[PDB]
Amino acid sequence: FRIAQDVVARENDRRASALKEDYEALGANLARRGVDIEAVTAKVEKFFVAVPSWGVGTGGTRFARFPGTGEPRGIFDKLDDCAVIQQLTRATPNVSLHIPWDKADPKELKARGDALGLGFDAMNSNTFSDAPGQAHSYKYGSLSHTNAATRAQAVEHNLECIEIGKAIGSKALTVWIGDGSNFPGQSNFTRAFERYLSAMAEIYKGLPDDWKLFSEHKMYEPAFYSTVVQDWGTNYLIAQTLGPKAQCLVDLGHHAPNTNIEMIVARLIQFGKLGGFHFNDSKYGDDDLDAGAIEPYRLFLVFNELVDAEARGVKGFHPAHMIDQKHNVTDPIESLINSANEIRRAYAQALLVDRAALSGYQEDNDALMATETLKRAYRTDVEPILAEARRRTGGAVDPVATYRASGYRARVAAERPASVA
């Protein structure tokens, strides 16, 4: 136990009275609305979202990085920190690894994971930066590079990621690359995309029978004029071209200003290509902020589409849920804790939507009552449900408060050497 059980117990007991009052009051309100609070809590306690290993350490911008104390030394330290998030929120049992950042003996990774009660989600390849000893640089691209030898090198890297994933329990590979151009004319749009498709076809051939291959689109950054996998349209073309094992991953902050993201989610689901999500929030670009910290309603609307899929009886729909955030001005552990909480919050609210009533309002084109039906769910403070879900599963009623009371950050700050070069 990364966090002493007596601390979790003490903090839960300190807040037990208030939780009881709030949960029971909410339960009565929901009952009057025809909703069984117990049914909602039972589903919420089962909702999981993968934590990014790269989000456990402090992030930075192209301008600067301002590390905090106790920054993780490597993947093992990162797993230890992820274990804290899982213990307290009980919503993050799986971790997303990024290669080569987290490269290590697969057996050892698996051993540490099992010891901490953690599993592993989709693997993430990295051909948007150069590792030492590469025969070819990814400066001008990777899977879509004009040089065949460079593309082959990128393909082999992705295959290595699959090998590592197979050994640790992963069942998918997420491919996000920076491939694109910064100047008009620099790249032939079609040829670059064709090169990418050929390279991905090779990676696809290396997928086990029960694995999925996720391609992640992004409008811009690092490329500032054009990006090969720039949007969901191109992403759909990728998934459809590659095969049934290939699907699309939607990262919330990767869309053009004002884009209706929840519709994109609906479209991909309709055509069976919604592989998963990379949750985060943003206001300007790919800000990678704590989920729901900027636009909580949008997060709810995305989950409204996810829950509607279940309501429409979509078969074989098991999208992967993952947090993809960077924490530049907060304790990464605290931000991941509250972000996972916010994701469960939006999910819980989506479960509250009276879809029988909503369907009627949609049929009759009663736009006002239709939107009010979504709002009645969204306006509901489901914090008591999230807190109770944590209580019953060994978590903390107030995760961040318990984390702070444990003195964990100071502890690891004394065990981990800060970077000096």
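Numbers follow the displayed sequence, beginning with 1.
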Average Cα temperature factor in the PDB entry - higher stretch of 387 to 395, 61 to 69: 61 to 69
Between the two ranges 5 to 13 and 402 to 410, the one averaging a larger CA B factor in the entry: 5 to 13
Per the PDB entry, maximal CA B factor within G272, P296, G117, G141: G117
Criterion, highest CA B-factor; candidates, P132, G180, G292, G185: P132
Among modelled residues of the same chain, the CA temperature factor third for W54: highest
Within-chain third of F193 by Cα B-factor, per the entry: lowest
Assigned third (lowest, middle, highest) for the C-alpha B factor of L109: highest
Chain third (lowest, middle, highest) by recorded CA B-factor, residue given as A42: middle
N29 CA temperature factor, ranked by third within the chain: highest
